[PDB]
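Chain and residue survey
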Amino acid sequence: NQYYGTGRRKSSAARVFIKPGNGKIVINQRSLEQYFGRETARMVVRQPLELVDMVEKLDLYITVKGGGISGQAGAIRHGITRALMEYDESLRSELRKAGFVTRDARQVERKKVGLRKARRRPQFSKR
Amino acid sequence: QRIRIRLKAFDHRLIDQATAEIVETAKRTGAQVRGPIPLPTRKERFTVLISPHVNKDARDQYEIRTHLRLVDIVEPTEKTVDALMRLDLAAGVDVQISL
Amino acid sequence: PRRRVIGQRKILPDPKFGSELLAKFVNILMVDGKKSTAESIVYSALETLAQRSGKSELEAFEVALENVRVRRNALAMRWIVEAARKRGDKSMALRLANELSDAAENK
Amino acid sequence: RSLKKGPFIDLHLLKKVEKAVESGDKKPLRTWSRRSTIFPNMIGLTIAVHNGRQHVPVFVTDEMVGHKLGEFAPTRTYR
Amino acid sequence: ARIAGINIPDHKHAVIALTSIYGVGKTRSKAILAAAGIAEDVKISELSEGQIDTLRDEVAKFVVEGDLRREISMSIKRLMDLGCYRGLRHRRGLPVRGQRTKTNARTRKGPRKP
Amino acid sequence: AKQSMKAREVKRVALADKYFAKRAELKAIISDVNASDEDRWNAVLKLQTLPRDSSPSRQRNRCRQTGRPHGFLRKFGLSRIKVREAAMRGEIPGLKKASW
RNA sequence: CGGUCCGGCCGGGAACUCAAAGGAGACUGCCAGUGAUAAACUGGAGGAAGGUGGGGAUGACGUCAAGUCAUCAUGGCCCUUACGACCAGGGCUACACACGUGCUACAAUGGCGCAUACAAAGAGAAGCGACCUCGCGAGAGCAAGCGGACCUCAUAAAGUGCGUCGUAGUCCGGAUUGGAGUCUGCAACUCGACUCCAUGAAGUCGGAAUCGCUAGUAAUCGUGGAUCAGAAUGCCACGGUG
Ligand SMILES: [Mg+2]
Ligand SMILES: [Mg+2]
Ligand SMILES: [Mg+2]
Ligand SMILES: [Mg+2]
Ligand SMILES: [Mg+2]
Ligand SMILES: [Mg+2]
Ligand SMILES: [Mg+2]
């Protein structure tokens, strides 16, 4: 039985497909070690599967488009949490306690008129 | 054969009024249509000066929103063709037909 | 600060060791948002301190932290990183490892 | 700077060269073509290159071939 | 190891040691070692004399010495003796190819003095 | 701008479609042909006798209502200030102040 | 799910992501304490979002005779075979100096070489211009697709993996200059961009003084657009890491 959960970030979008029983991770037809070059990116997706125990217990089939290193990794970490709530539905109290189900909505601040950046002003003279 | 109608307009509440009249007429006369699809909006943005002289920092912020609608008609029924080809549509809607 | 009295942000800890304090240490060395090159230097520096300069890697950093003492831990970690850049060794991992060896032996 | 498919020379200055070779050397030739490339058929003549207000005569030398006539006319007086 | 380029190259890797010759940069040093058959990371140690004189033959095609100093200089002497506008720029120490002269001409003009 | 300055621009456009539309279009091709006439095409010398004001590089896109040579927009053919005057009075369809 | 030439490419699937028309949802709504029983504050739950969630648009009376007769509109004055108009060239880019505003640096948190992963947002018909072929390269020739979620610009760069250089005026940094070329355009001297070869200044973190910013901000990385035949270290947007 499939269990689906959508997680995303700034410009990423990731799907999560759950199937009961393996320790297999397939991302964009690649492996976990093959796709994630960052060692931190490998561990942040292991963070929601810490309180809930996974060793060889469930498949996850994920694809993601857009964003970067941690933008894709934060998209997966959000998507797994909605899948486990779809999977068991009693796991919510542990997931609210960790804070992973909260969608990080901190987007980029727009480039303003008169300034070179969002808050960075060009250099100012006193008199 | 297959005919498709590309609809573009400036106002989003005006493009869907012209879109729904075509689809409702097509379903009534017995044509096969796979609905209207919302295409991504090609929006231009214009940032120009408001002042004719110094105080560069004060400017204007414009946009031009151009929405797109596509209706796919499978069967070229003669009752479908003769009705839709000379409809009275909104002035702010541009039509594109591919027979 | 005059009226807006708010707390300080709680960053996520070190994914390798599970240490909250070591996550604030790598952000000081991090410049230009380069996290991936910052933690590679810090992990290589601590492995030099662990294998050839005393076991208990998590405790060995704390002995070096204790002699140079939220803000007390923040000023202690900043003095280690800023003094490590102005040294005579070759790489940043070798310079910061010798600073933790000197701070453990309070010199 | 210029592409190899044709060194540039004006049409009016090319006509002034052709009459000068056949009919012999004359008074220094007043012109405004500061952009023409010097050809070997101009060696010996004196071409007055306009520099904004006057005409400076340029006695053409053998090693001037390939350069421009504008490179022999200073456009400003410096003090 | 003394080349026709009599100035002695440093005891380091081959593509770095050929850069010390006036007129051989990094790109031309790659072309000499590729035409010879010597790897670029080979030091002056174990570089035998049979491998030094085959570098002299490849560099012999190009003039890279004080003889190259005079040919750059006499090409400027062609501009200055002719009396051209570009020849006038080199004599006073002003920029030639279109750099501005309001400020920021410190390399051409020399150090500042009011 | 000045009325005589806009009379210059109409004079350039009237020569632009006249001479350099199709005739200099051919003269640009024949100088560019690698296959034939590699040495004696002589299209460059015939291009010299043509008038200068047909050149597309010499013309200047200006505001069609005022003649300002600065702040041109190819979307409407106007200067930056005249875009606001038609937008606030609703003369340009769909144009309004934006927020994002 | 069938099909394998391992490409959603082809039957198909309408689930999902994305695309955009409408709507729900957050309102101190609920509980607890404090507070004069008030407004409110504090704490907690629920929830994607909680105390104006994040950003923008939205800027009162007035102040500085602040800025605009050179956007335009407008009272008057002045010139008119000239204060007007046409064209060639030159100048606006000069050069003994001064001031303000920026970029790249002074480097091993790096430099170079090989291999290689992940963006969002726009522009395109007198245009973007693939593929193939040639050149070290700037490009050139051949020549499709596309008025465009189809096609092109367009392989994003930092990052990751290995090797190398070992703290120096260096494989740092690239100024300046010479030579040889490319493209645009009637035309690249004054005064263009870019590539190739070679040259390798100052500079080894900057005085008094002075500036920006409380979070996806600062810092940094590249991308795109307006202007434009061509000419971005500026300006406008866009994302990456953080
Ligand atoms: Mg050299
Ligand atoms: Mg007027
Ligand atoms: Mg022009
Ligand atoms: Mg909506
Ligand atoms: Mg005043
Ligand atoms: Mg270098
Ligand atoms: Mg603030």
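In its metadata, the entry names cryo-EM as the structure determination method and reports 5.16 Å as the resolution.

**A short note on the protein's contact with RNA strand G**
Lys10, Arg15 and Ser70 of chain A, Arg34 of chain D together with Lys109 of chain E are the nearest of the 146 residues found near RNA strand G. Expressed as a percentage, the sugar and phosphate content of the atoms of RNA strand G within 4 Å of the protein is 75%. Measuring from a phosphate oxygen of RNA strand G, one finds a side-chain N or O atom of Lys68 of chain D at 2.8 Å. Here a phosphate oxygen of RNA strand G sits 2.7 Å away from a polar atom, N or O, in the side chain of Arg74 of chain F. With seven residues, strand β2 (residues 33-49) of chain B is the largest single contributor of residues to the surface near RNA strand G. Per-class residue counts for the surface near RNA strand G are 38 nonpolar, 43 polar and 65 charged.

**Thoughts on the packing of aromatic side chains**
Summed over all chains, the structure comprises seven aromatic pairs over all chains. With centroids separated by 5.9 Å and ring planes inclined at 50°, the aromatic side chains of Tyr35 of chain A and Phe36 of chain A adopt a geometry described as tilted. We classify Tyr35 of chain A as partly exposed; its relative accessible area is 27%. The interplanar angle of 70° and the centroid separation of 5.0 Å between the aromatic rings of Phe25 of chain C and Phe61 of chain C together place this pair among those described as edge-to-face.

**Let's talk about helix α2 (residues 26-36) of chain E**
Residues and elements named next belong to chain E. What α2 keeps buried is the set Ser29, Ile32 and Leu33. The arc that holds the buried residues of α2, viewed along the axis, is 95°, so those residues lie on one side. Facing away from the buried side of α2 by over 90 degrees, the exposed positions are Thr27 and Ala34. Buried positions along α2 lie against α1 (14-17) and α3 (49-59).

**Some thoughts on the interface of chain F and chain B**
When the parts of a complex come together, some accessible area is lost, and that lost area is often used as the size of the interface. Contact with chain F, which involves 15 residues of that partner, is made by 15 residues of chain B. At the boundary of chain F with chain B, total buried surface from both sides reaches about 1,500 Å², with 62% on carbon and sulfur atoms. Among the residues of chain F in contact with chain B, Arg80, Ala98 and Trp100 of chain F are the three that bury the most area, contributing 36% of the side total. Our enumeration of links across chain F and chain B arrives at two salt bridges. Viewed at the interface, chain B and chain F are joined by two residue pairs in polar contact. Secondary structure elements with two or more residues in the side of chain F that touches chain B: α4 (80-88) and β1 (96-97) of chain F. Counting residues per element, the side of chain F that touches chain B draws most heavily on α4 of chain F, at five residues.

Rules behind the numbers
All residue numbers are counted from 1 along each chain's written sequence and may depart from the entry's numbering; residues that have no coordinates are not represented. Here the convention is simple: chains get letters from A, ligands get numbers from 1, in the order in which they are written. What appears here is a fragment of a larger assembly, so each number quoted concerns just the fragment shown. Computation of side-chain values: all heavy atoms of the structure, hydrogens and water removed. Any residue with a non-hydrogen atom lying within 4 Å of a molecule or strand is treated as near it. Each polar contact in these results corresponds to two N or O atoms within 3.5 Å; when the atoms are within protein, one needs to be able to donate a hydrogen and the other to accept it, and residues that are neighboring in sequence are counted only if both atoms are side-chain atoms. In this text, helices come from DSSP runs of H or I with a minimum length of four residues, and strands from runs of E with a minimum of two, each type numbered from the N-terminal end. Ten residues, namely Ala, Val, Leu, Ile, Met, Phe, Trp, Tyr, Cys and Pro, are considered nonpolar, four, namely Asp, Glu, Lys and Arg, are considered charged, and the remaining ones, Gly among them, are considered polar. Each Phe, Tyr or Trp ring (for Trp, its six-membered ring) is paired with any other whose centre lies within 6.5 Å, and the angle between the two planes then decides the class: stacked below 30 degrees, edge-to-face above 60, tilted in between. The cut-offs for exposure are 20% and 50% of the maximum accessible area for each residue type, with area from a 1.4 Å probe on protein chains only; residues under the lower value are buried, those over the upper are exposed, and the others partly exposed. Here, the arc refers to the directions that run from the helix axis to the C-beta atoms. Contacts are assigned to residue pairs with any non-hydrogen atoms lying within 4.5 Å of each other. Accessible area that two parts lose when put together, with a 1.4 Å probe and added across both, is what the buried area reports. Salt bridge, as used here, is a side-chain nitrogen of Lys or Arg placed within 4 Å of a carboxyl oxygen of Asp or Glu.

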